[PDB]
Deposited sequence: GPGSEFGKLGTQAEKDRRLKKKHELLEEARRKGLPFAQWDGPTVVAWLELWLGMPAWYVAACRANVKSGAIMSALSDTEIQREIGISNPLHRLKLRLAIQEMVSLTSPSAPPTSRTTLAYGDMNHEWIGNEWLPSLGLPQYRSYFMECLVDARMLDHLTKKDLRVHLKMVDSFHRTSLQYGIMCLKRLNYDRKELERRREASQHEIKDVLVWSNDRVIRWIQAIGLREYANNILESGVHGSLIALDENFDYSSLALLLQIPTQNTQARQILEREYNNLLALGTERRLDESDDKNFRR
């Protein structure tokens, strides 16, 4: 019963290792191998996989896919799903050539949705990103219309937040192991701000003495990289976000000095 659900999954892994260790370039992979690739490494959902399986029978074909072929033959109506595929292929063609970061699904569309986006203090958009199959590679390519229309970010500041988020991954060379490692190296010390999750930034606000106020920066898009990289983002704009009335002078004065320390060290 499930014995045959395990065997066939093994086989799919076997086809891939057979290929990446026979050295072959993408445009020479056979159908079955390419189909394994879509499932295991791209994290493609079964419905999309089945479409490609029935219309794309070789790497040769796979590699040459135009947007309209994907659109009319494969029958993928959402432009973001299409871009997903093109970009994956684009990456695999380089990666497999005679010419001397690599994505094996490390930063696929579920890490992006369930881990990264909340890490940026943007958990409210999670579902739309998921529903669009947005992975790390696509992030760099999303336009403003993409973010408004397809991903529902009507807030321009949240778009800025995402941007800096991406600017972080860029500088980290998209290396997921190194992100998580740096993030936890700085849970109780006060050093590598570039990385800090919206969570780290909350708990920090509590540590300088603002336990009441912190919780308000939950779905605000406040995070380490914005703090570390945006010159516009100073204490004044952080206070505005924390919703501190102008009357409360001492809290502001607290944040102003501790924030500058945070920036200095």
Missing C-alpha stretches, by deposited numbering? 1-10, 111-116, 282-297
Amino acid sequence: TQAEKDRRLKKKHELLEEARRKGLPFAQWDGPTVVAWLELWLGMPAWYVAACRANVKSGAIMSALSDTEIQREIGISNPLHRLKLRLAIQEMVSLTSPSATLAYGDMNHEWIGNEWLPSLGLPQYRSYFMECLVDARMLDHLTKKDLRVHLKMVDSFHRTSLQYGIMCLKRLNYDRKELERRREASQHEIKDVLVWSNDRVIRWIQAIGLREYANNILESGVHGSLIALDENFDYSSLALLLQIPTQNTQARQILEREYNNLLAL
From here on, numbers count along this sequence of modelled residues.
Looking only at C-alpha temperature factors in the entry, 33-41 or 196-204, the higher average sits in 196-204
Averaged over C-alpha atoms, is the B-factor higher for 75-83 or for 164-172 in this PDB entry? 164-172
Among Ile112, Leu142, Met92, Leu102, which carries the highest Cα B-factor? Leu102
In terms of recorded Cα temperature factor, pick the maximum from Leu133, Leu117, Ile190, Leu147. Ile190
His223, C-alpha B-factor rank within chain (lowest, middle or highest third): middle
Once the chain's modelled residues are ordered by C-alpha B factor and cut into thirds, is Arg137 in the lowest, middle or highest one? lowest
Grab the CA temperature factor for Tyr213 from the record and place it in the lowest, middle or highest third of its chain. highest
Ranking every modelled residue in this chain by its Cα temperature factor as given in the entry, which third contains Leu122? middle
Taking the values exactly as deposited, rank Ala88 by C-alpha B-factor within its chain and report the matching third: lowest, middle or highest. lowest
